[PDB]
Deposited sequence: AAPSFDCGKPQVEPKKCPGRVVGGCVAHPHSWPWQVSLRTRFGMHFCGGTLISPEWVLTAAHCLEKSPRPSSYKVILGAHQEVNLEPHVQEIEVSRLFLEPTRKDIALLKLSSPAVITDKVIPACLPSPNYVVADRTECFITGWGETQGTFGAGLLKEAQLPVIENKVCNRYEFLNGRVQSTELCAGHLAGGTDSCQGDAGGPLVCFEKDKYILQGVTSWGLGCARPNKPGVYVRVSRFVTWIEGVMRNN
């Protein structure tokens, strides 16, 4: 059952934002080096598959360099029931896009704290001003922020990101500054509530800094990679 947290998320009263309600984002994963240090996020999209950013894997093409922590809220002292699962294979997107799949060495156990996010339909375009959520441990409690999507044609204006955003990316952010995903959130989810569940629409990718005025974050547009993702899962 994807996209439906058993523990309901709360909105705020990651730079800025607020601490998430514990386990309300049950697809959020922490990507760690074999040494155990958190450095990137990811999203569980099925029991055996995590989606992350390709740049998070820049340091090593060896699956043994990585492990995934599922079900966590605190980053350092992992709570008793947290799942640590190794990675058996890495799949970088084949056209140098900032997205990648991790096949876990064993399927995650689905529980009230470990649940996959839903994937969008191919080529869906999140509408301008849609309020979505980003989550992560970045720049030790899991944080969230609610940010509005900014349509690419506005985001690509000189006043904002000046032609840098591709159709395979989306923009989201508060243009006054102060609230944003940042480095340790890379690879993690941008999700949007659709009808009754959360759909993974973006993968935290890059920005001109973090939380700066007129510089919204850039996310890989997951809907442009669903067909590729499905083919990798089907054939591996």
Chain regions without C-alpha coordinates, deposited sequence numbering: 1 to 5, 19 to 20, 147 to 153
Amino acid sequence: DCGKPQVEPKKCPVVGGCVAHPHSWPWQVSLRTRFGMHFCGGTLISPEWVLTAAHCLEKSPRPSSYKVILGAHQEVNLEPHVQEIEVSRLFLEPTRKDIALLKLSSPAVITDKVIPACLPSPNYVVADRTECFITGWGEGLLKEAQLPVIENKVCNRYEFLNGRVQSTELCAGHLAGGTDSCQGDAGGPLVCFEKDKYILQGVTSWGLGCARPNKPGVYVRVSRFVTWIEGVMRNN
From here on, numbers count along this sequence of modelled residues.
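By rigid core we mean the largest C-alpha set that fits within 1.5 Å across both forms.
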RMS Cα shift after core superposition in 5 other deposited structures of this protein, winner of 16 to 24 and 213 to 221: 213 to 221
More shifted region, core-based fit in 5 other deposited structures of this protein, 199 to 207 vs 41 to 49 by CA: 199 to 207
165 to 173 versus 40 to 48 - greater average Cα B-factor per the deposited record: 40 to 48
Stretch with the greater mean C-alpha B-factor as recorded in the entry, comparing 84 to 92 against 147 to 155: 84 to 92
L102, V76, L142, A127, ranked by C-alpha B-factor: the highest one: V76
Deposited CA B-factor, highest of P116, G136, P120, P107: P107
Chain third (lowest, middle, highest) by recorded CA B-factor, residue given as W27: middle
Third of the chain's Cα B-factor distribution that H21 belongs to, per the entry: highest
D112 CA temperature factor, ranked by third within the chain: highest
Chain-relative CA temperature factor third for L70: highest
Modelled-residue ranking by C-alpha temperature factor, third containing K197: middle
